[PDB]
$ cat structure_22.cif   # mmCIF, C-alpha atoms
data_entry
loop_
_atom_site.label_atom_id
_atom_site.label_comp_id
_atom_site.auth_asym_id
_atom_site.auth_seq_id
_atom_site.Cartn_x
_atom_site.Cartn_y
_atom_site.Cartn_z
CA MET A 1 44.21 76.70 83.83
CA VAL A 2 40.96 78.56 84.44
CA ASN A 3 38.85 75.60 85.55
CA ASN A 4 39.46 73.18 88.42
CA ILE A 5 40.55 69.54 88.04
CA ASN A 6 37.63 67.66 89.53
CA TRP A 7 38.46 63.95 89.39
CA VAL A 8 36.14 61.21 88.14
CA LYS A 9 36.59 57.51 87.57
CA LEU A 10 37.73 56.08 84.27
CA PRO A 11 34.44 54.42 83.08
CA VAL A 12 32.99 57.92 82.70
CA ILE A 13 34.70 57.80 79.31
CA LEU A 14 33.13 54.42 78.52
CA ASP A 15 29.72 55.90 79.27
CA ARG A 16 30.31 58.30 76.36
CA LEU A 17 32.23 56.12 73.90
CA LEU A 18 29.67 53.30 73.98
CA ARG A 19 27.02 55.71 72.69
CA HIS A 20 28.62 54.93 69.32
CA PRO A 21 27.43 51.52 68.04
CA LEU A 22 30.83 50.97 66.39
CA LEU A 23 32.70 51.26 69.72
CA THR A 24 30.77 48.65 71.70
CA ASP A 25 33.68 46.18 71.83
CA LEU A 26 35.70 48.69 73.90
CA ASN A 27 36.54 47.78 77.47
CA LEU A 28 38.00 49.20 80.66
CA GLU A 29 41.15 47.29 79.74
CA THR A 30 41.42 49.18 76.43
CA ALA A 31 40.36 52.50 77.95
CA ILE A 32 43.18 52.27 80.51
CA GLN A 33 45.88 51.89 77.86
CA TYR A 34 44.53 54.58 75.55
CA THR A 35 43.90 56.93 78.48
CA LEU A 36 47.49 56.62 79.64
CA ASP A 37 48.66 57.16 76.06
CA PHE A 38 46.51 60.29 75.76
CA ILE A 39 47.73 61.58 79.12
CA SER A 40 51.35 61.24 78.03
CA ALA A 41 50.85 62.54 74.49
CA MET A 42 49.21 65.72 75.77
CA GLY A 43 51.78 66.19 78.53
CA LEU A 44 49.61 68.50 80.61
CA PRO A 45 51.17 69.25 84.04
CA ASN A 46 47.82 70.07 85.68
CA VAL A 47 46.71 66.44 85.30
CA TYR A 48 49.42 65.11 87.64
CA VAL A 49 49.52 65.16 91.44
CA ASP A 50 52.29 67.24 92.99
CA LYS A 51 54.14 65.42 95.78
CA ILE A 52 57.21 66.12 97.92
CA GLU A 53 59.19 63.24 99.40
CA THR A 54 62.58 63.13 101.14
CA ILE A 55 65.17 60.44 100.47
CA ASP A 56 68.68 59.59 101.62
CA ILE A 57 71.80 59.60 99.46
CA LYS A 58 74.11 56.70 100.31
CA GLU A 59 77.02 57.60 98.04
CA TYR A 60 76.12 59.75 95.03
CA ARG A 61 73.02 57.56 94.69
CA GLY A 62 69.55 57.54 96.19
CA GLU A 63 66.41 55.47 95.93
CA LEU A 64 63.55 57.12 94.12
CA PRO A 65 59.82 56.93 95.00
CA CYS A 66 57.65 54.34 93.31
CA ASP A 67 55.04 56.62 91.72
CA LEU A 68 57.47 59.21 90.35
CA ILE A 69 57.03 60.27 86.73
CA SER A 70 58.74 63.66 86.54
CA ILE A 71 60.75 65.80 88.95
CA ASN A 72 59.95 69.46 89.48
CA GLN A 73 62.99 70.14 91.69
CA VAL A 74 65.54 68.46 93.88
CA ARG A 75 67.08 70.39 96.76
CA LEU A 76 69.23 69.76 99.80
CA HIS A 77 67.19 69.16 102.92
CA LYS A 78 69.35 71.13 105.35
CA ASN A 79 70.08 74.20 103.20
CA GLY A 80 67.10 74.20 100.86
CA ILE A 81 69.42 74.99 97.94
CA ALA A 82 68.10 73.50 94.72
CA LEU A 83 70.12 71.14 92.55
CA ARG A 84 70.70 71.48 88.81
CA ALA A 85 71.15 68.96 86.04
CA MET A 86 74.47 67.12 86.15
CA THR A 87 76.64 67.78 83.11
CA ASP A 88 79.71 65.98 84.53
CA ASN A 89 80.73 62.78 82.74
CA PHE A 90 82.81 61.34 85.69
CA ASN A 91 80.61 62.36 88.72
CA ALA A 92 81.62 59.96 91.52
CA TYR A 93 84.55 58.36 89.68
CA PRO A 94 87.79 59.60 91.28
CA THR A 95 91.20 60.21 89.73
CA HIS A 96 94.52 58.93 91.13
CA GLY A 107 81.50 72.66 93.14
CA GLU A 108 77.77 73.27 93.38
CA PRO A 109 75.53 70.20 93.79
CA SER A 110 73.66 68.63 90.89
CA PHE A 111 71.69 65.48 90.10
CA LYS A 112 70.76 63.00 87.39
CA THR A 113 67.90 60.49 87.40
CA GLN A 114 67.38 57.52 85.07
CA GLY A 115 65.28 54.76 86.65
CA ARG A 116 64.53 54.18 90.30
CA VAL A 117 67.89 55.81 91.07
CA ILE A 118 68.94 59.46 91.38
CA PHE A 119 72.65 60.19 90.88
CA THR A 120 73.68 63.27 92.86
CA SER A 121 77.13 64.83 93.23
CA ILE A 122 76.90 64.61 97.05
CA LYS A 123 77.97 61.63 99.13
CA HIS A 124 75.76 61.51 102.26
CA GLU A 125 72.88 63.97 102.55
CA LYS A 126 69.09 64.04 102.56
CA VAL A 127 67.55 65.58 99.45
CA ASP A 128 63.97 66.74 98.96
CA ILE A 129 62.34 65.82 95.64
CA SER A 130 59.23 67.62 94.41
CA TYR A 131 57.74 65.27 91.82
CA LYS A 132 54.58 64.65 89.82
CA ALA A 133 52.55 61.42 89.91
CA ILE A 134 49.19 60.16 88.61
CA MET A 135 46.05 60.53 90.68
CA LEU A 136 44.82 57.00 91.38
CA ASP A 137 41.43 55.53 92.27
CA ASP A 138 40.33 53.36 95.19
CA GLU A 139 41.28 50.69 92.67
CA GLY A 140 44.86 51.10 91.58
CA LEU A 141 43.78 52.80 88.35
CA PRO A 142 44.18 56.20 86.71
CA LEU A 143 41.70 58.92 87.64
CA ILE A 144 40.79 61.36 84.87
CA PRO A 145 39.60 65.00 84.92
CA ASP A 146 35.89 65.48 84.32
CA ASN A 147 36.48 68.51 82.12
CA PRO A 148 34.11 67.88 79.18
CA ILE A 149 36.80 69.28 76.87
CA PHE A 150 39.28 66.74 78.25
CA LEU A 151 36.60 64.05 78.16
CA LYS A 152 35.60 64.83 74.58
CA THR A 153 39.24 64.89 73.47
CA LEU A 154 39.96 61.53 75.13
CA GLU A 155 36.78 60.12 73.60
CA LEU A 156 37.91 61.33 70.18
CA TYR A 157 41.41 59.92 70.73
CA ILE A 158 40.07 56.44 71.48
CA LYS A 159 37.57 56.66 68.62
CA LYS A 160 40.39 57.69 66.28
CA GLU A 161 42.57 54.74 67.27
CA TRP A 162 39.71 52.25 66.97
CA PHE A 163 38.72 53.66 63.59
CA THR A 164 42.35 53.53 62.46
CA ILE A 165 42.47 49.79 63.21
CA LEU A 166 39.10 49.24 61.52
CA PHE A 167 40.35 51.21 58.52
CA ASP A 168 43.48 49.06 58.34
CA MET A 169 41.02 46.17 58.04
CA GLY A 170 38.75 48.00 55.62
CA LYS A 171 35.74 48.02 57.95
CA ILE A 172 35.43 51.85 57.94
CA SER A 173 35.29 54.28 55.04
CA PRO A 174 38.33 56.53 54.48
CA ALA A 175 36.01 59.54 54.75
CA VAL A 176 34.88 58.44 58.21
CA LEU A 177 38.47 58.17 59.43
CA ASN A 178 39.34 61.50 57.82
CA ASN A 179 36.47 63.17 59.69
CA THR A 180 37.51 61.51 62.95
CA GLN A 181 41.10 62.66 62.54
CA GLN A 182 40.00 66.23 61.76
CA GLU A 183 37.73 66.39 64.81
CA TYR A 184 40.33 64.84 67.11
CA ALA A 185 42.97 67.28 65.89
CA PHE A 186 40.81 70.32 66.57
CA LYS A 187 39.75 69.11 70.00
CA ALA A 188 43.35 68.22 70.83
CA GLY A 189 44.46 71.77 70.12
CA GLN A 190 41.51 73.14 72.09
CA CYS A 191 42.26 70.83 75.03
CA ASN A 192 45.90 71.91 74.94
CA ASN A 193 44.83 75.56 75.16
CA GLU A 194 42.29 74.83 77.90
CA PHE A 195 44.77 73.37 80.38
CA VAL A 196 47.68 75.72 79.60
CA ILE A 197 46.24 79.23 79.30
CA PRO A 198 46.75 80.85 82.73
CA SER A 199 43.93 81.90 85.01
CA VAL A 200 43.67 85.38 86.52
CA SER A 201 45.83 84.50 89.53
CA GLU A 202 48.39 82.85 87.27
CA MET A 203 48.48 86.01 85.15
CA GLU A 204 49.13 88.05 88.29
CA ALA A 205 52.04 85.74 89.03
CA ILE A 206 53.24 86.01 85.42
CA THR A 207 52.86 89.80 85.54
CA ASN A 208 54.88 90.02 88.75
CA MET A 209 57.48 87.84 87.02
CA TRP A 210 57.45 90.02 83.90
CA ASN A 211 57.77 93.59 85.20
CA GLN A 212 60.95 93.98 87.27
CA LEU A 213 62.87 97.25 87.21
CA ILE A 214 65.61 95.20 88.91
CA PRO A 215 65.42 91.76 87.21
CA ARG A 216 65.21 88.71 89.47
CA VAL A 217 67.21 85.84 87.98
CA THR A 218 67.72 83.43 90.90
CA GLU A 219 64.34 81.81 91.61
CA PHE A 220 65.73 78.39 90.76
CA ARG A 221 67.81 78.52 93.95
CA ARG A 222 64.58 78.77 95.89
CA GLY A 223 61.74 76.50 94.85
CA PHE A 224 60.56 79.24 92.47
CA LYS A 225 58.80 80.53 95.58
CA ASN A 226 59.28 84.22 94.74
CA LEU A 227 58.72 83.92 90.99
CA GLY A 228 55.35 85.70 91.02
CA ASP A 229 56.15 88.01 93.93
CA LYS A 230 55.66 91.67 93.09
CA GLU A 231 58.76 93.85 92.82
CA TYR A 232 58.35 96.93 95.03
CA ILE A 233 60.51 100.03 94.53
CA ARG A 234 60.68 102.50 97.39
CA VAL A 235 59.75 106.09 96.59
CA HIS A 236 62.49 108.70 96.97
CA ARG B 404 76.94 139.58 124.62
CA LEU B 405 77.11 143.07 126.10
CA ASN B 406 73.47 143.70 126.99
CA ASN B 407 71.92 140.22 127.42
CA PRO B 408 73.27 138.05 130.28
CA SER B 409 71.25 135.10 128.96
CA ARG B 410 72.89 135.02 125.52
CA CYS B 411 75.40 132.18 125.52
CA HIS B 412 76.09 129.14 123.39
CA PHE B 413 78.59 126.31 122.99
CA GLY B 414 81.52 125.98 120.65
CA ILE B 415 79.32 124.23 118.10
CA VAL B 416 78.28 126.41 115.16
CA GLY B 417 76.60 125.28 111.98
CA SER B 418 73.64 125.50 109.66
CA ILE B 419 71.00 123.33 108.02
CA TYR B 420 70.63 123.87 104.27
CA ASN B 421 66.85 123.57 104.43
CA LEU B 422 63.80 125.43 103.10
CA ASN B 423 61.27 127.03 105.46
CA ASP B 424 61.81 125.21 108.75
CA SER B 425 61.80 121.78 107.06
CA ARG B 426 64.32 118.98 106.85
CA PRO B 427 67.08 119.60 104.29
CA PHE B 428 66.54 118.30 100.75
CA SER B 429 70.19 117.87 99.91
CA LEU B 430 71.88 117.67 96.52
CA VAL B 431 72.53 113.95 96.97
CA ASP B 432 68.87 113.48 97.90
CA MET B 433 67.73 115.05 94.64
CA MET B 434 70.27 113.12 92.55
CA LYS B 435 69.78 109.74 94.28
CA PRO B 436 66.62 108.44 92.48
CA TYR B 437 68.34 108.98 89.15
CA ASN B 438 71.41 107.11 90.38
CA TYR B 439 69.26 104.15 91.42
CA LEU B 440 67.51 104.13 88.04
CA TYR B 441 70.93 104.29 86.39
CA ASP B 442 72.09 101.29 88.40
CA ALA B 443 69.00 99.24 87.52
CA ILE B 444 69.21 100.06 83.81
CA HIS B 445 72.93 99.29 83.75
CA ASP B 446 72.07 96.00 85.45
CA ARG B 447 69.82 95.21 82.49
CA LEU B 448 72.64 96.29 80.17
CA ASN B 449 75.16 93.98 81.86
CA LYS B 450 72.78 91.02 81.79
CA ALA B 451 72.23 91.69 78.08
CA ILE B 452 76.00 91.80 77.54
CA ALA B 453 76.40 88.44 79.28
CA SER B 454 73.75 86.72 77.14
#
$ encode --input "structure_22.cif" --output "structure tokens"
Amino acid sequence: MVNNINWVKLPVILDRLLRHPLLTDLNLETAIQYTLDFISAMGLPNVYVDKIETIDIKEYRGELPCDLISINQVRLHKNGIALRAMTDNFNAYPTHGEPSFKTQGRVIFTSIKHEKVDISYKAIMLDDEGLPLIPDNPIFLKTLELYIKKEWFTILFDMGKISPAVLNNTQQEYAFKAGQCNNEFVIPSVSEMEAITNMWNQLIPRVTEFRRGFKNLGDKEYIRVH
Amino acid sequence: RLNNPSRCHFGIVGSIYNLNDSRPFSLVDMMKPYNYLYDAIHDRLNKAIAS
């Protein structure tokens, strides 16, 4: 992403929506739900807060943080070796290898009995109130505005309180701004293209940056001169 | 030697295969960069064969 994620409070979107006379029954309560829906539907990883938090494994099981949404990595605390996805169907079940993990709810199922594991996860940036905090990018703001307007107009169209042409226009505009917002947050910046370039050109390919925390992924590959 | 009392040496005799008072640029030296490039390219070939 080229631009920086400067955070602003949620009613910034209600400042802009309520300019429309047909959206004056919208509320913070509705904006919260539709904002969370938009955040998930776009799935942008720059909108989440990166956190690292250690936990203990009692026996092939560990308690997971409260605010976790998605895991970047899990690794062993003492070695630093990363874990992979668990493909085993009988992990801690005995009868009569490398470490891996599997997470469903508040519980992470590892293949290790008693160790500390480090989890690098993504959460939502919250407010002084326990509420979501949105980027102030006017592209993001316009796209979220258009998302909420599209949902409200879809309800009102299901009633027959909006013309089909009005909803068709709203859907067209939301679709274009959704694509544009997707490209805004995903296209790398200059530093991210230097990292991608140093990942791309290897005379000797590097294929083991998962073992580390992808630390050396964008490190330049130097060849000595002979 | 007959005429020079100062001419003496040890049992060690040898030569440097160099050019003009420099360090020797051996045959292995001048084939090594190619061998390293061969190893890297064959590494790419093997990783392609695996996939």
$ closest_residue --input "structure_22.cif" --among "B:405, B:422, B:411, B:451" --to "chain A" --atoms "all atoms listed in the file"
B:451
$ resolve_selection --input "structure_22.cif" --expression "the PyMOL selection byres ((chain A) within 10 of (chain B))" --output "list in words"
residues 212, 213, 214, 215, 217, 234, 235 and 236 of chain A
$ atom_distance --input "structure_22.cif" --atom1 "CA of residue 95 (chain A)" --atom2 "CA of residue 79 (chain A)"
28.7 Å
$ atom_distance --input "structure_22.cif" --atom1 "CA of residue 68 (chain A)" --atom2 "CA of residue 9 (chain A)"
21.1 Å
$ residues_around --input "structure_22.cif" --residues "residue 113 (chain A)" --least-positions-apart "3" --cutoff "12 Å" --atoms "all atoms listed in the file" --output "VMD selection string"
chain A and resid 60 to 65 68 to 71 73 to 74 84 to 86 110 116 to 121 129
$ resolve_selection --input "structure_22.cif" --expression "the PyMOL selection byres ((chain A and resi 55-57) around 6)" --output "list in words"
residues 54, 58, 59, 61, 62, 124, 125, 126 and 127 of chain A
$ atom_distance --input "structure_22.cif" --atom1 "CA of residue 210 (chain A)" --atom2 "CA of residue 109 (chain A)"
28.6 Å
$ closest_residue --input "structure_22.cif" --among "A:206, A:31, A:76, A:144" --to "residue 158 (chain A)" --atoms "only C-alpha atoms"
A:31
$ resolve_selection --input "structure_22.cif" --expression "the PyMOL selection byres ((chain A and resi 176) around 12)" --output "number ranges by chain"
A: 22, 159-160, 162-164, 166-167, 170-175, 177-183
$ residues_near_point --input "structure_22.cif" --point "(70.2, 78.1, 99.0)" --cutoff "7 Å" --atoms "all atoms listed in the file" --output "mmCIF file with C-alpha atoms, in the frame of the given file"
data_model
loop_
_atom_site.group_PDB
_atom_site.id
_atom_site.type_symbol
_atom_site.label_atom_id
_atom_site.label_comp_id
_atom_site.auth_asym_id
_atom_site.auth_seq_id
_atom_site.Cartn_x
_atom_site.Cartn_y
_atom_site.Cartn_z
ATOM 1 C CA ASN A 79 70.080 74.200 103.200
ATOM 2 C CA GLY A 80 67.100 74.200 100.860
ATOM 3 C CA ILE A 81 69.420 74.990 97.940
ATOM 4 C CA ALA A 82 68.100 73.500 94.720
ATOM 5 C CA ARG A 221 67.810 78.520 93.950
ATOM 6 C CA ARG A 222 64.580 78.770 95.890
#
$ axis_aligned_box --input "structure_22.cif" --around "region 193-198 of chain A" --padding-each-side "8 Å" --output "AutoDock Vina command-line options"
--center_x 45.0 --center_y 77.1 --center_z 78.9 --size_x 21.4 --size_y 23.5 --size_z 23.6
$ residues_around --input "structure_22.cif" --residues "residue 151 (chain A)" --least-positions-apart "6" --cutoff "9 Å" --atoms "only C-alpha atoms" --output "list in words"
residues 12, 13, 16, 144 and 145 of chain A
$ closest_residue --input "structure_22.cif" --among "A:33, A:153, A:24, A:72" --to "residue 131 (chain A)" --atoms "all atoms listed in the file"
A:72
$ build_atoms --input "structure_22.cif" --residues "region 409-427 of chain B" --atoms "N, CA, C and O atoms" --output "mmCIF file, in the coordinates of the input"
data_model
loop_
_atom_site.group_PDB
_atom_site.id
_atom_site.type_symbol
_atom_site.label_atom_id
_atom_site.label_comp_id
_atom_site.auth_asym_id
_atom_site.auth_seq_id
_atom_site.Cartn_x
_atom_site.Cartn_y
_atom_site.Cartn_z
ATOM 1 N N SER B 409 71.713 136.440 129.285
ATOM 2 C CA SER B 409 71.250 135.100 128.960
ATOM 3 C C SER B 409 71.778 134.589 127.632
ATOM 4 O O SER B 409 71.672 133.391 127.362
ATOM 5 N N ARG B 410 72.354 135.451 126.799
ATOM 6 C CA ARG B 410 72.890 135.020 125.520
ATOM 7 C C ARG B 410 74.213 134.304 125.745
ATOM 8 O O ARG B 410 75.206 134.918 126.145
ATOM 9 N N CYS B 411 74.202 133.000 125.510
ATOM 10 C CA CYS B 411 75.400 132.180 125.520
ATOM 11 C C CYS B 411 75.140 131.009 124.587
ATOM 12 O O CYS B 411 73.994 130.695 124.263
ATOM 13 N N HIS B 412 76.215 130.377 124.142
ATOM 14 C CA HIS B 412 76.090 129.140 123.390
ATOM 15 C C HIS B 412 77.360 128.330 123.614
ATOM 16 O O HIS B 412 78.204 128.675 124.444
ATOM 17 N N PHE B 413 77.480 127.240 122.878
ATOM 18 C CA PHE B 413 78.590 126.310 122.990
ATOM 19 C C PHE B 413 79.559 126.600 121.849
ATOM 20 O O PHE B 413 79.367 127.521 121.053
ATOM 21 N N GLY B 414 80.620 125.811 121.772
ATOM 22 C CA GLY B 414 81.520 125.980 120.650
ATOM 23 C C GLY B 414 80.938 125.568 119.321
ATOM 24 O O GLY B 414 81.488 125.951 118.285
ATOM 25 N N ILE B 415 79.848 124.808 119.320
ATOM 26 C CA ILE B 415 79.320 124.230 118.100
ATOM 27 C C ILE B 415 78.548 125.290 117.332
ATOM 28 O O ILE B 415 77.646 125.937 117.874
ATOM 29 N N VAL B 416 78.912 125.472 116.069
ATOM 30 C CA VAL B 416 78.280 126.410 115.160
ATOM 31 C C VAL B 416 78.048 125.698 113.840
ATOM 32 O O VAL B 416 78.900 124.930 113.387
ATOM 33 N N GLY B 417 76.895 125.934 113.233
ATOM 34 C CA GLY B 417 76.600 125.280 111.980
ATOM 35 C C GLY B 417 75.280 125.759 111.424
ATOM 36 O O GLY B 417 74.629 126.645 111.984
ATOM 37 N N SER B 418 74.891 125.154 110.308
ATOM 38 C CA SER B 418 73.640 125.500 109.660
ATOM 39 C C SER B 418 73.056 124.276 108.977
ATOM 40 O O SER B 418 73.770 123.339 108.617
ATOM 41 N N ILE B 419 71.740 124.306 108.807
ATOM 42 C CA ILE B 419 71.000 123.330 108.020
ATOM 43 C C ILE B 419 70.658 123.992 106.700
ATOM 44 O O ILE B 419 70.139 125.115 106.685
ATOM 45 N N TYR B 420 70.965 123.322 105.591
ATOM 46 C CA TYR B 420 70.630 123.870 104.270
ATOM 47 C C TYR B 420 69.231 123.385 103.896
ATOM 48 O O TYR B 420 69.040 122.522 103.041
ATOM 49 N N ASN B 421 68.242 123.964 104.563
ATOM 50 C CA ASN B 421 66.850 123.570 104.430
ATOM 51 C C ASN B 421 66.041 124.715 103.826
ATOM 52 O O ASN B 421 66.573 125.780 103.502
ATOM 53 N N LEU B 422 64.740 124.475 103.677
ATOM 54 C CA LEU B 422 63.800 125.430 103.100
ATOM 55 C C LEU B 422 62.604 125.541 104.031
ATOM 56 O O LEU B 422 61.822 124.594 104.151
ATOM 57 N N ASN B 423 62.461 126.693 104.682
ATOM 58 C CA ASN B 423 61.270 127.030 105.460
ATOM 59 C C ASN B 423 61.017 126.018 106.575
ATOM 60 O O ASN B 423 59.996 125.332 106.620
ATOM 61 N N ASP B 424 61.975 125.943 107.492
ATOM 62 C CA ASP B 424 61.810 125.210 108.750
ATOM 63 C C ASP B 424 61.541 123.728 108.525
ATOM 64 O O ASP B 424 60.958 123.062 109.380
ATOM 65 N N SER B 425 61.977 123.189 107.393
ATOM 66 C CA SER B 425 61.800 121.780 107.060
ATOM 67 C C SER B 425 63.127 121.054 107.179
ATOM 68 O O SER B 425 64.155 121.636 107.526
ATOM 69 N N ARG B 426 63.098 119.760 106.897
ATOM 70 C CA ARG B 426 64.320 118.980 106.850
ATOM 71 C C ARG B 426 65.035 119.237 105.521
ATOM 72 O O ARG B 426 64.387 119.501 104.506
ATOM 73 N N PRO B 427 66.364 119.171 105.493
ATOM 74 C CA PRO B 427 67.080 119.600 104.290
ATOM 75 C C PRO B 427 66.951 118.590 103.158
ATOM 76 O O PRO B 427 67.164 117.392 103.344
#
